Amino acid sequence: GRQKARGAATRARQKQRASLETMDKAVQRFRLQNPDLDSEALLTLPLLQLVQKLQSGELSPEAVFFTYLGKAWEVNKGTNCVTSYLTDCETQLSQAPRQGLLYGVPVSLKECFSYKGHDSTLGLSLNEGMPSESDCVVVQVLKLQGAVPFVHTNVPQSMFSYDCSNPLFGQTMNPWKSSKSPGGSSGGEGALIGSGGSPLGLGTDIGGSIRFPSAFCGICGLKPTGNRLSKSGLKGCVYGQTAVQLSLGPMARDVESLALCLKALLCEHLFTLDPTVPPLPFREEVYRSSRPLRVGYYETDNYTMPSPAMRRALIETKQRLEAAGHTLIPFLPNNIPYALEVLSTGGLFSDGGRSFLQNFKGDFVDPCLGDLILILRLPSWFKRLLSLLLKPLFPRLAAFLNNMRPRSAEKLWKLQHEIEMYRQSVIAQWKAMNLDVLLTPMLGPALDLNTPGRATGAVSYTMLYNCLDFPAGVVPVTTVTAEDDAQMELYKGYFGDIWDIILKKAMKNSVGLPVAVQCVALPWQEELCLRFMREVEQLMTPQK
């Protein structure tokens, strides 16, 4: 009773193999025509310089394309981050608009970004052999700006997870240590970019899916305000859930790259292709500002106890910001627990899981999802009874469980109203301390494989800003030291529930892995957030 699923996995395994084979052939042929091309010099250029050399004509597009293509092919051996080669892109190379802001840049794409003639499976058998009739809007805009989307990258099954495995393409691994998750759901992009095989990628984020893989794999990522960029044409799994919106944004090796991507996407082409997006140009002057900042900060969210590395990262960044002349102010958004347990959970699962679950009918469940699916299928009443049982022991479990029940349209209105007033509440705190930006810990170091779907509470640092729909980005600032890692033996967590226990074991054995912080600004202030991210980058990682 699983024939479709097995068939799907087989076809998908075939298409992946054949893609990688095609890539290999093209790269090998290119290398024999061009033996005297310093490939490693090219691959290490910062994107901004790559772009400039592509504009001047000092580097051909073919040279940049096929060098990255080889590099991608190579890093994929140890990572399994590539699902498909976007076959028609050698043709796109030659047609690439010449004064485009990203002329000749190979760009990687999370699998959900629809591409003409390719599946966006999301690891789900339901969506195998259903190729896309057209490119999604942001892909078109990337093309119109001269970029060359060249690969689809892997995602955890359904994309609802901060790990990166599915039953079609299997398991993506962290390029810093193969026992570790690369993060998710944009984990493919994090593994690729973070092992040096794509200079620029796009991902999506509803609970942290740009920020986890960026932080875990040691790269920069930005999740904008939800309707700053076009979601039109993106492949999804739940339709019409507007309480917690989905956002999309760039991942790259430096902050300047993320700014360039935004500057390039926020142009007339996007605004006329999706008029539902407000036509807010990129404000150069705000991104380049060097005025002192008033910076809110917290060391812990009092929900997910941070690892010693997180905490050291946060504090060091804080101190260096202080020394560079910024004012640092303790700030914690009010009622985090209710924002996570009631608003975030209730909005993502207002219908009890029913619509989401449809995507899994007849399909296997990748074990990286843990018991999420099992739990969602439970009758409403039993979720309630179970919630009453656990409440005195493990109230956090009891709260997530109870707020995953189905409900009426009337209660969804009340919930949407609460989401709105919570948003206004935090804006008011922020204005009362007169903050410009906010600095927070970011989950890290990378967790062991198959642990993120058993440490749901650890989304606390990131999901808060999906609920608030504030822009939020991450910047790698240090690496785990032997000291940091030994200290994990003293980690206990605030709740002592299964999610605290898993997280403790999961963040262990992590010496050498990157750790980040998170930078947040108010709605529609992507440019300021990037400015602050740019500053954190200069102060903690000067050599670049």
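Start at 1 and count along the sequence shown; that's the residue number.
Per the PDB record, of the two stretches 382 to 390 and 230 to 238, 382 to 390 carries the greater mean B-factor over its C-alpha atoms. Higher mean CA B-factor, judged across 86 to 94 and 73 to 81 from the recorded values: 86 to 94. Reading the B-factor column for the CA atoms of 172, 134, 327, 416 in the entry, the top value corresponds to 327. Across 407, 152, 377, 223, the entry's maximum B-factor at the CA atom is seen for 377. Ranked against the other modelled residues of its chain, the C-alpha B-factor of residue 349 as given in the entry falls in the lowest third. When the modelled residues of the chain are ordered by their C-alpha B factor, residue 49 lands in the highest third. The entry lists a Cα temperature factor for residue 147 that places it in the middle third of the chain's modelled residues. When the CA B factors of the chain's modelled residues are split into thirds, the value for residue 124 lands in the middle one.
Sorting the modelled residues of the chain by their CA temperature factor places residue 433 in the highest third.
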